[PDB]
Each structure stands twice: as C-alpha cells, then as structure tokens.
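*Asks:* Sharing data_27.cif here; it has mmCIF, C-alpha atoms and all ligand atoms.
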data_work
#
loop_
_atom_site.label_atom_id
_atom_site.label_comp_id
_atom_site.auth_asym_id
_atom_site.auth_seq_id
_atom_site.Cartn_x
_atom_site.Cartn_y
_atom_site.Cartn_z
CA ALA A 1 172.02 181.37 65.71
CA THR A 2 174.37 178.68 67.01
CA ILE A 3 174.23 175.48 64.97
CA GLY A 4 172.04 172.94 66.74
CA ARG A 5 172.42 169.19 66.39
CA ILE A 6 169.85 166.42 66.49
CA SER A 7 170.92 163.00 67.74
CA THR A 8 170.37 160.14 65.28
CA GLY A 9 169.81 157.77 68.22
CA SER A 10 173.21 156.14 67.60
CA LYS A 11 176.23 157.32 69.61
CA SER A 12 178.54 155.86 66.94
CA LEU A 13 176.77 157.69 64.12
CA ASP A 14 176.51 160.90 66.14
CA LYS A 15 180.28 160.80 66.72
CA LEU A 16 180.95 160.41 62.98
CA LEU A 17 178.70 163.40 62.30
CA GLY A 18 180.28 165.65 64.95
CA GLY A 19 177.40 165.26 67.38
CA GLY A 20 174.31 164.68 65.24
CA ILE A 21 172.73 166.22 62.15
CA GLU A 22 173.11 169.99 61.92
CA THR A 23 170.63 172.83 61.62
CA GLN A 24 171.56 175.30 58.85
CA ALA A 25 172.63 172.33 56.73
CA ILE A 26 171.30 169.70 54.36
CA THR A 27 172.26 166.15 55.30
CA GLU A 28 171.86 163.77 52.35
CA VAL A 29 171.71 160.05 53.11
CA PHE A 30 172.15 157.46 50.34
CA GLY A 31 171.23 153.81 50.47
CA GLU A 32 169.80 150.92 48.54
CA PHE A 33 166.59 149.23 49.65
CA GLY A 34 166.70 148.30 53.33
CA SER A 35 169.82 150.39 54.00
CA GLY A 36 168.21 152.13 56.97
CA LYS A 37 167.83 155.62 55.48
CA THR A 38 164.06 155.85 55.98
CA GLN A 39 164.42 154.31 59.47
CA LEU A 40 166.92 157.07 60.22
CA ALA A 41 164.39 159.62 58.95
CA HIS A 42 161.69 158.19 61.24
CA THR A 43 164.08 158.19 64.24
CA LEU A 44 165.15 161.80 63.67
CA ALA A 45 161.47 162.87 63.48
CA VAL A 46 161.11 161.61 67.05
CA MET A 47 164.52 162.65 68.43
CA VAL A 48 164.19 166.29 67.40
CA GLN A 49 161.12 166.62 69.65
CA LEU A 50 163.19 165.85 72.77
CA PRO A 51 164.94 168.54 74.82
CA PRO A 52 168.65 169.21 74.12
CA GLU A 53 169.66 167.20 77.19
CA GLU A 54 168.13 164.15 75.52
CA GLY A 55 169.46 164.91 72.03
CA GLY A 56 166.67 166.97 70.49
CA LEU A 57 165.84 170.62 69.87
CA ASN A 58 162.33 170.85 71.28
CA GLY A 59 161.14 171.10 67.69
CA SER A 60 158.38 170.26 65.24
CA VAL A 61 158.85 168.39 61.97
CA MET A 62 157.74 168.80 58.38
CA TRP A 63 157.89 165.69 56.17
CA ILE A 64 157.61 165.49 52.39
CA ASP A 65 157.04 161.93 51.15
CA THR A 66 157.52 161.14 47.46
CA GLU A 67 156.96 157.36 47.41
CA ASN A 68 154.71 156.55 50.36
CA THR A 69 157.42 155.49 52.79
CA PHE A 70 156.23 157.40 55.88
CA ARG A 71 154.79 155.05 58.52
CA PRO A 72 152.85 156.71 61.37
CA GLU A 73 152.78 153.40 63.23
CA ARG A 74 156.58 153.34 63.16
CA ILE A 75 156.68 156.86 64.62
CA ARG A 76 154.31 155.73 67.38
CA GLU A 77 156.51 152.72 68.10
CA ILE A 78 159.74 154.69 68.25
CA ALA A 79 158.10 157.42 70.36
CA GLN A 80 156.67 155.03 72.92
CA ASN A 81 159.87 152.96 73.20
CA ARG A 82 161.67 156.23 73.95
CA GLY A 83 159.21 157.53 76.56
CA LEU A 84 157.32 160.13 74.56
CA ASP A 85 153.59 160.20 73.96
CA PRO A 86 153.01 158.63 70.51
CA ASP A 87 150.00 160.84 69.72
CA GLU A 88 151.78 164.07 70.68
CA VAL A 89 154.81 163.03 68.63
CA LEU A 90 152.66 162.35 65.53
CA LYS A 91 150.75 165.63 66.02
CA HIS A 92 153.98 167.55 65.62
CA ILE A 93 154.93 166.03 62.27
CA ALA A 94 153.30 167.98 59.46
CA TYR A 95 152.94 165.53 56.56
CA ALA A 96 152.72 166.15 52.81
CA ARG A 97 152.69 163.71 49.92
CA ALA A 98 154.46 165.04 46.83
CA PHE A 99 152.74 163.66 43.72
CA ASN A 100 155.43 164.73 41.24
CA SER A 101 158.60 166.81 40.98
CA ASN A 102 156.84 170.13 40.39
CA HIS A 103 154.55 169.54 43.34
CA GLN A 104 157.59 168.57 45.44
CA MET A 105 159.22 171.92 44.65
CA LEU A 106 155.97 173.78 45.38
CA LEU A 107 155.69 172.08 48.76
CA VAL A 108 159.11 173.39 49.83
CA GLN A 109 158.04 176.86 48.77
CA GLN A 110 154.77 176.36 50.70
CA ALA A 111 156.51 174.94 53.80
CA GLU A 112 157.88 178.41 54.60
CA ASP A 113 154.38 179.52 55.67
CA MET A 114 154.14 176.96 58.47
CA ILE A 115 157.77 177.54 59.43
CA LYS A 116 157.03 181.25 59.86
CA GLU A 117 153.93 180.49 61.96
CA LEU A 118 155.81 178.19 64.31
CA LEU A 119 159.02 180.22 64.44
CA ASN A 120 158.59 182.04 67.72
CA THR A 121 156.55 179.37 69.49
CA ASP A 122 157.33 176.55 71.91
CA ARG A 123 157.76 174.11 68.97
CA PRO A 124 159.51 175.82 66.05
CA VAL A 125 160.15 173.63 62.99
CA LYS A 126 163.61 172.14 63.51
CA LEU A 127 163.59 169.27 60.99
CA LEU A 128 162.43 169.19 57.37
CA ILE A 129 162.59 165.79 55.71
CA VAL A 130 162.41 165.09 51.99
CA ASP A 131 162.17 161.32 51.40
CA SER A 132 163.20 161.07 48.78
CA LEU A 133 165.00 163.93 47.08
CA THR A 134 165.18 162.48 43.58
CA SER A 135 162.61 159.73 42.95
CA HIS A 136 160.30 162.00 40.96
CA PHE A 137 163.13 163.73 39.09
CA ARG A 138 164.56 160.33 38.09
CA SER A 139 161.15 159.13 36.93
CA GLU A 140 160.18 162.22 34.96
CA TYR A 141 163.39 163.34 33.24
CA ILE A 142 164.55 160.43 31.10
CA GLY A 143 167.68 160.35 28.96
CA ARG A 144 170.16 163.01 27.88
CA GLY A 145 167.59 165.33 26.31
CA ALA A 146 166.18 165.77 29.80
CA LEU A 147 169.34 165.92 31.93
CA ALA A 148 169.90 169.67 31.64
CA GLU A 149 166.45 170.59 32.89
CA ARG A 150 166.55 167.89 35.57
CA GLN A 151 169.77 169.28 37.04
CA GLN A 152 168.49 172.86 36.85
CA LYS A 153 165.24 172.03 38.64
CA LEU A 154 167.03 169.88 41.24
CA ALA A 155 169.60 172.62 41.82
CA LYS A 156 166.81 175.15 42.38
CA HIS A 157 165.05 172.72 44.76
CA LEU A 158 168.24 172.24 46.79
CA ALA A 159 168.79 176.00 46.87
CA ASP A 160 165.24 176.48 48.22
CA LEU A 161 165.94 173.89 50.91
CA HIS A 162 169.30 175.49 51.84
CA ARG A 163 167.56 178.83 52.22
CA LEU A 164 165.00 177.41 54.65
CA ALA A 165 167.74 175.64 56.61
CA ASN A 166 169.87 178.79 56.99
CA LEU A 167 167.17 181.42 57.43
CA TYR A 168 165.08 179.54 59.97
CA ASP A 169 167.74 177.41 61.72
CA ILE A 170 166.33 174.08 60.51
CA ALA A 171 168.08 170.76 59.89
CA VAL A 172 167.14 169.54 56.43
CA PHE A 173 167.41 165.77 55.98
CA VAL A 174 166.97 164.22 52.56
CA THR A 175 167.28 160.68 51.27
CA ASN A 176 168.68 159.60 47.93
CA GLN A 177 170.08 156.66 45.99
CA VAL A 178 173.21 156.45 43.87
CA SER A 179 178.70 171.03 49.97
CA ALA A 180 176.03 171.57 48.91
CA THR A 181 175.12 168.70 51.22
CA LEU A 182 176.74 166.55 53.86
CA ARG A 183 176.72 163.12 52.22
CA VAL A 184 176.37 159.89 54.21
CA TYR A 185 176.25 156.46 52.54
CA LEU A 186 174.52 153.54 54.19
CA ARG A 187 175.15 149.88 53.53
CA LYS A 188 174.53 146.45 55.00
CA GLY A 189 177.11 145.32 57.54
CA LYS A 190 177.47 141.98 59.29
CA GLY A 191 174.66 140.26 61.21
CA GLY A 192 171.87 142.64 60.25
CA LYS A 193 173.73 145.73 61.42
CA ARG A 194 174.13 148.76 59.15
CA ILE A 195 177.16 150.85 58.32
CA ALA A 196 177.26 154.57 57.63
CA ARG A 197 180.20 156.12 55.79
CA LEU A 198 180.75 159.89 55.70
CA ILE A 199 182.28 161.11 52.44
CA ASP A 200 183.70 164.43 51.26
CA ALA A 201 182.84 166.45 54.35
CA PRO A 202 184.85 169.71 54.20
CA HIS A 203 185.43 169.85 57.96
CA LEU A 204 184.76 166.36 59.32
CA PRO A 205 187.09 163.47 58.60
CA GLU A 206 185.73 160.59 56.59
CA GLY A 207 184.88 157.53 58.62
CA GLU A 208 182.37 154.82 59.37
CA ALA A 209 179.85 154.09 62.10
CA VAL A 210 178.10 150.79 62.73
CA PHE A 211 174.53 150.94 64.02
CA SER A 212 171.44 148.81 64.66
CA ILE A 213 167.74 149.12 63.85
CA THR A 214 165.50 148.33 66.82
CA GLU A 215 162.07 149.17 68.22
CA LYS A 216 163.74 152.44 69.27
CA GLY A 217 164.43 153.18 65.61
CA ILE A 218 168.17 153.33 65.29
CA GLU A 219 170.81 153.08 68.01
CA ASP A 220 174.26 151.54 68.53
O1 LIG B 1 149.95 170.72 55.75
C1 LIG B 1 151.15 170.85 55.12
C2 LIG B 1 151.30 171.82 54.13
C3 LIG B 1 152.51 171.97 53.47
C4 LIG B 1 153.58 171.14 53.80
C5 LIG B 1 154.79 171.29 53.13
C6 LIG B 1 155.86 170.47 53.45
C7 LIG B 1 155.71 169.50 54.42
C8 LIG B 1 154.51 169.34 55.10
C9 LIG B 1 153.43 170.17 54.79
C10 LIG B 1 152.22 170.02 55.45
#
Rewrite the structure of this file - the entire thing - as structure tokens.
Ligand SMILES: Oc1ccc2ccccc2c1

*Replies:*
Amino acid sequence: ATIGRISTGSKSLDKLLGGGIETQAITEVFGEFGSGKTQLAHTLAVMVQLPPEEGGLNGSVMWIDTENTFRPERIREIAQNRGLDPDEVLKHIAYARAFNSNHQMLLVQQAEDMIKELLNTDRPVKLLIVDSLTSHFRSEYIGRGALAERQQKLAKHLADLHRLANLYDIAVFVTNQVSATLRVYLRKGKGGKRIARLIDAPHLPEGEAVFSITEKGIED
C-alpha cells in the first residue's frame, strides 16, 4: 500500500516531516516535561480520524499508556475545536494501560487482534501510540547488569511495532526521553512556543519547525 501521512495539525511540522507522520513507520518523539510530545500524541489521535482532504486517514486509534498521561477530556476538547463529535472521536480510541514492561510488550502482541478485526472496515486502525516507549524499561532494568536484557527486550518490542506498522499500514507513534525510527526532538522555544528538530532521517533533511499548543491541540 502507498504510504499514508497523518497531519500533526502544524503546517510547519508537517513540512519538516514530508507531509505528516507516515504509516509503515515508527515516529519517535523525544522531549523533557512540557515539551509537547504528549500534546502531539493527543492531536494525532484526533487528526487521523479525519478524511485525507482534512489531513487524516479515516482511521481508528490504539493507545498504550505507561504513566497515566492520556486525557480523554483533552481529546474531547481538541475534537470539538476541530469540528468532530467528541464522543465519536473518543469511541474510536482503544485504550490500554501498561502496568509494566512485560505487560507493555504483551499489549502490542495483543493489539494485532483488534487490528485484524478492523482491517477491512470503515475505520481500520491507522495510528498506534505508545506513550511512553521506555518509562517501564528505564524503571525496571537498573545498572549495567541489566542493560543487556533491557536492550534485547526493547529491540524485540520495537521489532513487534515495526511489524504491525508495515503489515497493516499503520503509523506507529512513540514518545521517549533522552532507522529503526524517525527521531524528532522537541524543546521549548520563545514565548511559550515549541520547537521540533528532525535528526538523522535517511531521506529527509534535518531541520526545525516552530509550533504552538492551543485548544486545537497543536498548530502553527
Ligand atoms: O481493549 C484493548 C485491548 C488491547 C489493546 C492493546 C493496545 C492498545 C489498546 C488496547 C485496547
């Protein structure tokens, strides 16, 4: 299938990314507290439900939350400020809390079931979010005696996610803190704006995009 792209809500950021985040790819967004990475996740979970003309893929969402950062009220706000029905938008985000790193890996394995069910419907899964990719791994695998296993498990987890992305034409979006992934780094800019910097993309030039966080989620 042709690679599809989901608008981030920001024209500037979309331009940096070659049009939006890609299906058949993992986009990995880094940022310190308040960087905007979870706001970007929330915005994408709304945008993907729009038709292509409006920057979406007429899709459903699956969301794995490791640290209780998903806010349904924020989804409702972004949805309504963009013209969608807030209840319908929430209904099409399948939510799962991951309690630990093993559970997180199991959930990705389990997600395939729902992806298969929705695949040839009017709302196939088009976005799978893991927020955040590493919080449990960081918490559980302490020190050098644990590094080897941590990297192995994380590598397997990323491979599972890549497989879902490629096989089912899904954009995988994961957050992290400092290929395989398209890495974007968020930071505070001037006057409450945020800056995204794209780094080490094989076929997109590095660059920066400045964006805002509003009641619409993120936009220029
Ligand atoms: O109800 C469910 C079950 C499994 C899941 C796996 C990943 C994300 C959401 C999910 C929601």

*Asks:* Set out as JSON lines a contact list for chain A and ligand LIG 1 (chain B) with a cut-off of 9 Å, giving each residue of chain A that qualifies its closest atom pair and distance in Å to one decimal, counting only C-alpha atoms and all ligand atoms, ordered by chain and rising residue number.

*Replies:*
{"residue": "A:61", "atom": "CA", "partner": "B:LIG1", "partner_atom": "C8", "distance": 8.2}
{"residue": "A:62", "atom": "CA", "partner": "B:LIG1", "partner_atom": "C7", "distance": 4.5}
{"residue": "A:63", "atom": "CA", "partner": "B:LIG1", "partner_atom": "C7", "distance": 4.7}
{"residue": "A:64", "atom": "CA", "partner": "B:LIG1", "partner_atom": "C7", "distance": 4.9}
{"residue": "A:65", "atom": "CA", "partner": "B:LIG1", "partner_atom": "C7", "distance": 8.4}
{"residue": "A:93", "atom": "CA", "partner": "B:LIG1", "partner_atom": "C8", "distance": 7.9}
{"residue": "A:94", "atom": "CA", "partner": "B:LIG1", "partner_atom": "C10", "distance": 4.6}
{"residue": "A:95", "atom": "CA", "partner": "B:LIG1", "partner_atom": "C8", "distance": 4.4}
{"residue": "A:96", "atom": "CA", "partner": "B:LIG1", "partner_atom": "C8", "distance": 4.3}
{"residue": "A:97", "atom": "CA", "partner": "B:LIG1", "partner_atom": "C8", "distance": 7.9}
{"residue": "A:98", "atom": "CA", "partner": "B:LIG1", "partner_atom": "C6", "distance": 8.7}
{"residue": "A:104", "atom": "CA", "partner": "B:LIG1", "partner_atom": "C6", "distance": 8.4}
{"residue": "A:106", "atom": "CA", "partner": "B:LIG1", "partner_atom": "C5", "distance": 8.2}
{"residue": "A:107", "atom": "CA", "partner": "B:LIG1", "partner_atom": "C5", "distance": 4.5}
{"residue": "A:108", "atom": "CA", "partner": "B:LIG1", "partner_atom": "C6", "distance": 5.7}
{"residue": "A:109", "atom": "CA", "partner": "B:LIG1", "partner_atom": "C5", "distance": 7.8}
{"residue": "A:110", "atom": "CA", "partner": "B:LIG1", "partner_atom": "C5", "distance": 5.6}
{"residue": "A:111", "atom": "CA", "partner": "B:LIG1", "partner_atom": "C5", "distance": 4.1}
{"residue": "A:112", "atom": "CA", "partner": "B:LIG1", "partner_atom": "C5", "distance": 7.9}
{"residue": "A:113", "atom": "CA", "partner": "B:LIG1", "partner_atom": "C3", "distance": 8.1}
{"residue": "A:114", "atom": "CA", "partner": "B:LIG1", "partner_atom": "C3", "distance": 7.2}
{"residue": "A:128", "atom": "CA", "partner": "B:LIG1", "partner_atom": "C7", "distance": 7.3}
{"residue": "A:129", "atom": "CA", "partner": "B:LIG1", "partner_atom": "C7", "distance": 7.9}
{"residue": "A:130", "atom": "CA", "partner": "B:LIG1", "partner_atom": "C7", "distance": 8.4}

*Asks:* Listed atoms of stretch 149-164 of chain A, axis-aligned box, 3 Å per side: centre and edge lengths to one decimal in Å, as AutoDock Vina command-line options?

*Replies:*
--center_x 167.4 --center_y 173.4 --center_z 43.8 --size_x 10.8 --size_y 16.9 --size_z 27.8

*Asks:* Give me, as CSV, the closest atom pair and its distance (Å, one decimal) for every residue of stretch 20-74 of chain A within a cut-off of 7 Å of stretch 213-220 of chain A, counting all atoms listed in the file, rows sorted by chain and rising number.

*Replies:*
residue,atom,partner,partner_atom,distance
A:39,CA,A:217,CA,6.2
A:40,CA,A:218,CA,6.4
A:43,CA,A:217,CA,5.2

*Asks:* Show which residues sit within 6 Å of stretch 187-197 of chain A, as a ChimeraX atom specification. Count all atoms listed in the file, and ignore same-chain residues fewer than 3 positions away.

*Replies:* /A:35,184,207-212

*Asks:* Counting only C-alpha atoms, what is within 12 Å of residue A:73, bar same-chain residues fewer than 3 positions away, as a short mmCIF file (atom, residue, chain, number, x, y, z; two decimals) with C-alpha atoms, in the frame of the given file?

*Replies:*
data_model
loop_
_atom_site.label_atom_id
_atom_site.label_comp_id
_atom_site.auth_asym_id
_atom_site.auth_seq_id
_atom_site.Cartn_x
_atom_site.Cartn_y
_atom_site.Cartn_z
CA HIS A 42 161.69 158.19 61.24
CA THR A 69 157.42 155.49 52.79
CA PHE A 70 156.23 157.40 55.88
CA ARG A 76 154.31 155.73 67.38
CA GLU A 77 156.51 152.72 68.10
CA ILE A 78 159.74 154.69 68.25
CA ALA A 79 158.10 157.42 70.36
CA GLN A 80 156.67 155.03 72.92
CA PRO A 86 153.01 158.63 70.51
CA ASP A 87 150.00 160.84 69.72
CA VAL A 89 154.81 163.03 68.63
CA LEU A 90 152.66 162.35 65.53
CA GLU A 215 162.07 149.17 68.22
CA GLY A 217 164.43 153.18 65.61
#

*Asks:* Any idea what's packed within 8 Å of residue A:168, counting only C-alpha atoms, ignoring anything in its chain fewer than 3 positions away? Could you give it as a PyMOL selection string?

*Replies:* chain A and resi 24+115+119+164-165

*Asks:* In Å to one decimal, how far is atom CA of residue A:200 from atom CA of residue A:136?

*Replies:*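 Separating atom CA of residue A:136 from atom CA of residue A:200 is a distance of 25.7 Å.
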
*Asks:* Check the smallest atom-to-atom distance from each of A:66, A:134, A:166, A:10 to residue A:153 using only C-alpha atoms, then report the winner.

*Replies:*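 Among the listed residues, A:134 lies closest to residue A:153.
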